[PDB]
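Take a look at the structure tokens below, where one protein chain is shown in two forms, each on its own, as structure 1 and structure 2.
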Structure 1
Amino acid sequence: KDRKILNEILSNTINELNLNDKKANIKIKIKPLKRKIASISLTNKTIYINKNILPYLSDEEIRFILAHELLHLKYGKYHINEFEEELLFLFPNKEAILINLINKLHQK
């Protein structure tokens, strides 16, 4: 079957969120995943949808899954591993936001 409908979801969701030139050039690819629905690969600059889940997802479900992944991509940052001497990309979460807040209160 065709994945023409999938590249259209990706593109109009990329535009909606207003992704910067670097994060905006991301392709979509159907591949079997061991333990997730979707997965972002920053080295490949692609998002993978689980080959086995996609045939059962509704249009609304796919649109939500993708917009949710890409939102976390949009507000993610790069950090230095130091020990591994490697660049590491970290996605945001409420625990990270709240721990940092309290941490900053304790520097005072």
Structure 2
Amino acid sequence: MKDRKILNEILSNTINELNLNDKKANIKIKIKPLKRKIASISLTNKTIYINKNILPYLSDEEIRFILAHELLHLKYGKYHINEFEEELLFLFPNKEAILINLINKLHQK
């Protein structure tokens, strides 16, 4: 089981940095097995789903990256419009190194 304190902290901080504090009471994380995806978001239920099968492999920065990406879908919509990718780069200048560690971990054991 992944420590909830770490997840609560990253969620709160990312919501604050993405100027989504007005939606703070509605946004939550749920951990469950997902098929062919690391994370998803229910835009109606304001719920971020993290794949239970990959979560024990992730670093704290990787979790922060995943949560930032799903919240940017809540903020901007379905497609990675210019404003989406620039906000993601602003939070993660090392975006490229995060994604290579992310891919290597999805390859599993």
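Along the sequence of structure 1, residues get numbers from 1 upward. Between two forms, the rigid core is the largest collection of C-alphas that superpose within 1.5 Å.
- Comparing the forms between structure 1 and structure 2 on their rigid core, the Cα displacement of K31 stays under 2 Å.
- Put the two forms on the same core and the Cα of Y78 is off by 2 Å or more between structure 1 and structure 2.
- Core-superposed comparison between structure 1 and structure 2: CA of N93 displaced by 2 Å or more.
- After superposing on the rigid core, the C-alpha of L6 is displaced by 0.8 Å between structure 1 and structure 2.
- Lined up on the core, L19 has its CA atom moved by 1.3 Å between structure 1 and structure 2.
- Comparing between structure 1 and structure 2 on a rigid core frame, one finds that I102 has its C-alpha moved by 34.5 Å.
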